[PDB]
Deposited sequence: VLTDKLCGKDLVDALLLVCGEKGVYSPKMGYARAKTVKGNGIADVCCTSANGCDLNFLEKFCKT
């Protein structure tokens, strides 16, 4: 189902709890997690929260 607030970051930390979270560093040049997992009807995924872990 959907994970939005405290739940979304808690789930993300449980998914990546030592792998860490990624960072952009885009060189000066996109709906986001709160949309793919919460705001849209898309719903969250334990198999997609892995995409926001650093690896």
Which regions of the deposited sequence are unaccounted for in the modelled residues, listed N- to C-terminal?
1 to 3, 33 to 38
